[PDB]
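Structure, as structure tokens:
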Amino acid sequence: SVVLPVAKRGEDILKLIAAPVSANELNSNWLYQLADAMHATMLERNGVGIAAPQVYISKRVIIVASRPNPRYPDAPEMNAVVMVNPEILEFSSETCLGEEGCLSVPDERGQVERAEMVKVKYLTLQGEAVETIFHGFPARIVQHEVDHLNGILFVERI
Amino acid sequence: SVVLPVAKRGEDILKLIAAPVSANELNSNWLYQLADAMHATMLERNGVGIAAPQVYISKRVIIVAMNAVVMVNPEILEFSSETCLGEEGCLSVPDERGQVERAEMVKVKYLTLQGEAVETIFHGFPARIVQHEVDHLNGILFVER
Ligand SMILES: O=C(O)C[C@@H](Cc1ccccc1)[C@H](O)SCc1ccccc1
Ligand SMILES: O=C(O)C[C@@H](Cc1ccccc1)[C@H](O)SCc1ccccc1
Ligand SMILES: [Zn+2]
Ligand SMILES: [Zn+2]
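Protein chains in written order, with the entry's author numbering: chain B, 2 to 159; chain A, 2 to 66, 79 to 158.
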């Protein structure tokens with residue numbers, strides 16, 4: 002497993018709209034190795050999520066994990082979910098502020114208003130369609146990672 | 002092997018300075034799979050070279066086709094003051110063709126996929142292709158020449 006270099010705020014890769022993964026990439030050693038290298042990168046930095054743009058890959062691939070911490074002690078321990086072409090279908094009206102950091106903004110942490118719950122549809126690495134509702138810290142991480150795919154850093158939301 | 006979608010002129014990705022490949026990535030399954038997908042994409046499009054930004058990867062990896082050479086972190090160290098005009102096309106600017114003045118000889122330092130430093134000189138057509146692909150790593154399309 003490879004740890005990849007991470008783009009920092011100021012780098013233009015972080016401001017693009019990432020390109021969808023095409024059907025012929027699904028269920029490929031190419032997509033498995035990309036997910037594996039993203040996963041190894043997130044763990045090396047003690048992250049709970051990562052988006053492909055952060056490792057200079059302008060593609061719609063994110064990982065969402067969760068672990069309990071100071072700010073959310075009842076946050077689940079959740080192993081990496083790889084989400085290909087994730088789409089948030091619905092944001093809850095209920096909104097709560099929560100502590101965020103970013104691998105691309107290692108200097109700063111902040112309070113961000115996020116939907117308490119999001120309905121998300123995505124493809125597995127195999128190309129299987131999944132629809133899940135995320136709540137709480139994992140909802141926040143999914144919103145943060147989709148923002149990365151859309152060229153948005155959390156500091157722009159404070 | 003995977004054929005990757007190709008960025009077209011107008012996409013911001015083609016206008017960045019691609020990031021160097023890190024020592025971590027050298028001799029990795031990740032880097033071989035990247036080179037294979039780039040190679041498959043080039044062949045499927047009938048191309049004679051490709052750069053990683055063209056497949057939405059902002060990394061300094063190019064292929065030049079002679080059997081294809083993959084070059085990681087290439088740098089043009091030496092070139093002829095003597096220029097040649099050759100017809101160019103681009104996978105990222107479909108159905109566009111133009112004469113571009115290039116150095117007729119280039120000496121290129123690069124890493125292999127295994128991560129050993131190597132030097133090669135290209136003349137003529139492969140020299141034009143190297144210069145075109147290094148331009149892609151620096152956010153330049155051939156139309157701007
Ligand atoms: O930059 C990233 O995408 C990784 C962030 C994800 C994140 C999103 C929302 C809320 C918190 C984190 C990294 O995990 S930052 C490190 C971190 C870890 C746990 C809690 C807070 C910050
Ligand atoms: O955009 C690319 O990098 C791929 C081009 C490379 C090229 C650079 C300089 C001169 C010619 C080609 C593709 O091979 S374009 C298709 C093509 C093939 C043979 C001759 C001309 C154009
Ligand atoms: Zn982030
Ligand atoms: Zn080109």
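All C-beta atoms in this analysis are idealised placements derived from N, C-alpha and C, irrespective of residue type, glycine included.
(1) Mind checking whether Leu126/B and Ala36/B have CB atoms under 8 Å apart?
(2) In terms of DSSP beta bridges, what is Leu98/B paired with?
(3) Taking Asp148/B as the query, report the chain A residues whose CB atoms sit under 7 Å from its CB, ordered along the chain.
(4) Straight-line CA distance for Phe135/A to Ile134/B?
(5) Since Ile89/A sits in a beta bridge, which residues does DSSP pair it with?
(6) Cα separation between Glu129/B and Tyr33/B?
(7) Does the Cβ-Cβ distance between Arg61/B and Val83/B come in under 8 Å?
(8) Under 8 Å between the Cβ atoms of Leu17/B and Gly152/B?
(9) Could you list the residues in the region 125–151 of chain B with a C-beta less than 8 Å from some C-beta on chain A, going in chain order?
(10) Any beta-carbon of chain B closer than 8 Å to the one on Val4/A?
(11) Check each residue of the region 29–40 of chain A: if its Cβ is closer than 7 Å to any Cβ of chain B, include it; give the result in chain order.
(12) Is any beta-carbon of chain A found at less than 8 Å from that of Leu17/B?
(13) Could you round the C-beta distance between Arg110/B and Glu117/B to whole angstroms and report it? I think they count as a contact, below 8 Å.
(14) I want to check one thing, is the minimum distance from the CB of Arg141/B to the heavy atoms of ligand 1 below 7 Å?
(15) In whole angstroms, what is the alpha-carbon distance linking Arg10/B and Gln55/B?
(16) Considering only heavy atoms of ligand 1, does any lie closer than 7 Å to the CB of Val121/B?
(17) Please state whether the Cβ-Cβ distance between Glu157/A and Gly50/A is less than 8 Å.
According to the data block:
(1) Contact annotation: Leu126/B and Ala36/B have beta-carbon atoms nearer than 8 Å.
(2) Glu114/B
(3) None at all; the shortest Cβ gap to chain A is about 17 Å.
(4) 56 Å
(5) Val121/A
(6) 14 Å
(7) no
(8) yes
(9) none
(10) Interface residue, yes.
(11) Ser29, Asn30, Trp31, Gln34 and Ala38
(12) The beta carbon of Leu17/B falls within 8 Å of a beta carbon belonging to chain A, placing the residue at that interface.
(13) With a Cβ gap of about 20 Å, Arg110/B and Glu117/B do not count as contacting.
(14) yes
(15) 10 Å
(16) no
(17) no
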